[PDB]
Amino acid sequence: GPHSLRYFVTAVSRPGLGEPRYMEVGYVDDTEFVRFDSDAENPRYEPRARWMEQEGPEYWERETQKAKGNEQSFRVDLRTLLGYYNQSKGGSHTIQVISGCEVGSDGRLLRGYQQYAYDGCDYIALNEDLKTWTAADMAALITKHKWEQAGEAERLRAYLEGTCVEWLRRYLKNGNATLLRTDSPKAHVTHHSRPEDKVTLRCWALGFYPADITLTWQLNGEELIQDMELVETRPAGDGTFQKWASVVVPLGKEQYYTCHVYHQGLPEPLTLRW
Amino acid sequence: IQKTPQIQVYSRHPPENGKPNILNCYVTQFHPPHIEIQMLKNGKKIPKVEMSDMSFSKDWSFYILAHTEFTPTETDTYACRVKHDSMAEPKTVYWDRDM
Amino acid sequence: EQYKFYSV
Ligand SMILES: *[C@@H]1O[C@H](CO[C@@H]2O[C@@H](C)[C@@H](O)[C@@H](O)[C@@H]2O)[C@@H](O[C@@H]2O[C@H](CO)[C@@H](O)[C@H](O)[C@H]2NC(C)=O)[C@H](O)[C@H]1NC(C)=O
Ligand SMILES: *[C@@H]1O[C@H](CO)[C@@H](O)[C@H](O)[C@H]1NC(C)=O
């Protein structure tokens with residue numbers, strides 16, 4: 001199936017408490033694999049998945065140098081934005097960037113992207129054509145103009161189409177045992193009483209990978225998706241994921257409800273009752 | 001843009017007394033990024049705690065995971081306490097074994 | 001590998 005390489009970058013200023021905190025977290029699909037945190041003792045780029053042990057020391061040295069350079073750039077960005085927005089030097093502000101690429105099963109580029117946010121709102125983003133930027137406000141328009149005059153989109157395009165794709169291919173090759181695996185969900189249903197003669201049926205799905213999954217509750221063979229509560233699919237601390245979805249039903253009618261689980265590791269969806 | 005965190009506590013495997021497991025505290029949908037997260041065993045801070053899976057959603061709010069290995073005992077209570085600007089006092093969410 | 005960011 002398709003795979004992706006994504007980096008989540010954050011710079012957060014802390015007036016009166018030193019330089020901004022800078023962090024970089026990289027992912028191949030739903031698996032964290034690298035990280036840089038300026039807040040550590042002697043910050044360096046570090047492996048977050050076992051297969052990254054296959055990279056030599058030069059990988060870590062070069063990525064650490066890049067991260068430090070990146071850290072300085074965003075520190076400068078934070079200062080620059082204070083000016084664009086006419087803000088005080090004593091408030092904390094945040095810059096976020098999502099950057100990466102996606103390839104198909106054959107390893108060819110499907111799409112590249114890079115989007116910036118300032119204080120949690122859209123700032124600037126590369127368009128799908130990988131040739132132009134879209135600015136969310138007038139401040140971002142200053143950046144768009146600088147970037148256009150500096151040939152920044154051309155530079156980024158080269159990274160997305162080249163470096164990003166090639167490294168993603170390498171990571172999928174080196175970490176195939178982890179990244180190309182499928183861990184099948186194991187389900188179970190819990191029951192909890194409620195006032196007014198009702199009960200909560202909660203369908204759980206645990207130990208699965210990848211993260212993509214579908215949980216539905218049905219009655220009369222029709223999905224109840226609407227009056228059901230749930231949590232977003234979440235990491236379980238060991239590279240796998242879990243999720244639950246619930247529905248409130250009348251006491252004594254529980255047997256009429258079935259939970260359905262659809263996942264890449266379930267040749268036939270799971271059907272469960274309480 | 002100040003969003004209050006969702007705090008979710010759960011174990012990797014259905015709990016079995018005396019069996020090694022993993023306890024998770026997933027804090028999500030929050031902004032600003034500054035936040036303090038601690039996992040507690042019977043009210044005392046757990047030292048092991050690893051932070052991982054930091055990311056942001058399409059609306060830019062933050063997500064992060066705190067997790068630790070643990071072997072539950074029938075009398076132990078675990079919880080997760082979070083301190084964020086969006087809240088007056090730190091919020092503690094308990095691990096509910098039968099949820 | 002990560003991208004080399006410049007500035008806004
Ligand atoms: C995962 O792939 C390996 C092949 O090795 C990979 O390629 C190397 C160049 C390097 O990137 C390694 O880190 C990768 O693991 C599979 O192992 C090979 O399997 C063949 C049979 O298909 C066997 O004859 C070889 O001896 C194995 N090669 C080695 C170096 O041991 C492995 O089976 C794959 N795992 C999964 C789960 O698909
Ligand atoms: C910036 O804000 C100050 C008040 O803090 C105001 O006096 C000034 O006009 C503003 N500058 C611009 C260009 O809007």
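Each chain gets a letter, A, B and so on, in the order its sequence line appears, and its residues count up from 1. Heavy atoms only: backbone and side chains are in, while hydrogens, waters and symmetry mates are out. Note that ligands are numbered from 1 as they come in the structure, with each ligand's atoms numbered from 1 the same way.
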task: Could you find the nearest protein heavy atom to atom 37 (C) of ligand 1 and give me its residue, atom name and distance?
output: A/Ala177 CA, 3.7 Å
- prompt: Can you name the one residue among A/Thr80, A/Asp119, A/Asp137 that meets side-chain hydrogen bond (donor to acceptor under 3.5 Å, both in side chains) with A/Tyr85?
  reply: A/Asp137
message: Protein heavy atoms near atom 25 (C) of ligand 1, is at least one of them under 4.0 angstrom away?
response: no
Top protein contact for atom 9 (C) of ligand 1, by heavy-atom distance: A/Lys173 NZ, 2.8 Å
field: A/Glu232 and B/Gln6 side chains, donor-acceptor separation under 3.5 Å
entry: no
message: Does the protein come close to atom 7 (O) of ligand 2 - that is, does one of its heavy atoms sit below 4.0 Å from that atom?
response: no
- prompt: Of the protein's non-hydrogen atoms, which lies at the shortest distance from atom 12 (C) of ligand 1, and what is that distance?
  reply: A/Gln54 OE1, 3.8 Å
- request: Would you please classify the geometry between the A/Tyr171 ring and the A/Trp51 ring as parallel, tilted or perpendicular, with 30° and 60° separating the classes?
  value: tilted
task: Can you confirm whether something in the protein, heavy atoms only, sits under 4.0 Å from atom 14 (O) of ligand 2?
output: yes
query: For atom 4 (C) of ligand 2, which protein heavy atom lies nearest, and how many Å away is it?
result: A/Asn86 ND2, 4.7 Å
message: Are B/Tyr10 and B/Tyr26, when compared by the centres of their aromatic rings, separated by less than 6.0 Å?
response: no
- request: Determine whether more than 12 heavy atoms belonging to other residues, nucleotides or ligands lie under 6.0 Å from atom NZ of B/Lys48.
  value: yes
message: Going by a strict under-4.0 Å cutoff (protein heavy atoms only), does atom 22 (O) of ligand 1 have a neighbour on the protein?
response: no
field: Cluster companions of C/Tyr6 among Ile, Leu, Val, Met, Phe, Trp, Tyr (side-chain spacing under 4.5 Å)
entry: none
query: Between A/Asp122 and B/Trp60, is any side-chain donor less than 3.5 angstrom from a side-chain acceptor?
result: yes
- line: side chain to side chain contact (heavy atoms under 4.5 Å, CB included) filter on A/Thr190, not counting sequence neighbours, yields A/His188, A/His192, A/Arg202, A/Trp204
message: Test of understanding: given a 4.0 Å heavy-atom threshold, classify the contact between A/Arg181 and ligand 1 as side chain, backbone, both, or neither.
response: neither
query: Is there a protein heavy atom at a distance of less than 4.0 Å from atom 15 (O) of ligand 1?
result: yes
message: Does the protein place a non-hydrogen atom closer than 4.0 angstrom to atom 28 (N) of ligand 1?
response: no
- request: Ignoring hydrogens, just give me the one of A/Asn174, A/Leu172, A/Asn176 whose non-hydrogen atom is nearest atom 34 (C) of ligand 1.
  value: A/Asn176
field: Non-hydrogen protein atom less than 4.0 angstrom from atom 3 (C) of ligand 1
entry: yes
- request: Name the orientation class of the two ring planes belonging to B/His31 and B/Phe62 (parallel below 30°, tilted from 30 to 60°, perpendicular beyond 60°).
  value: tilted
query: Could any protein non-hydrogen atom be found less than 4.0 Å from atom 11 (N) of ligand 2?
result: yes
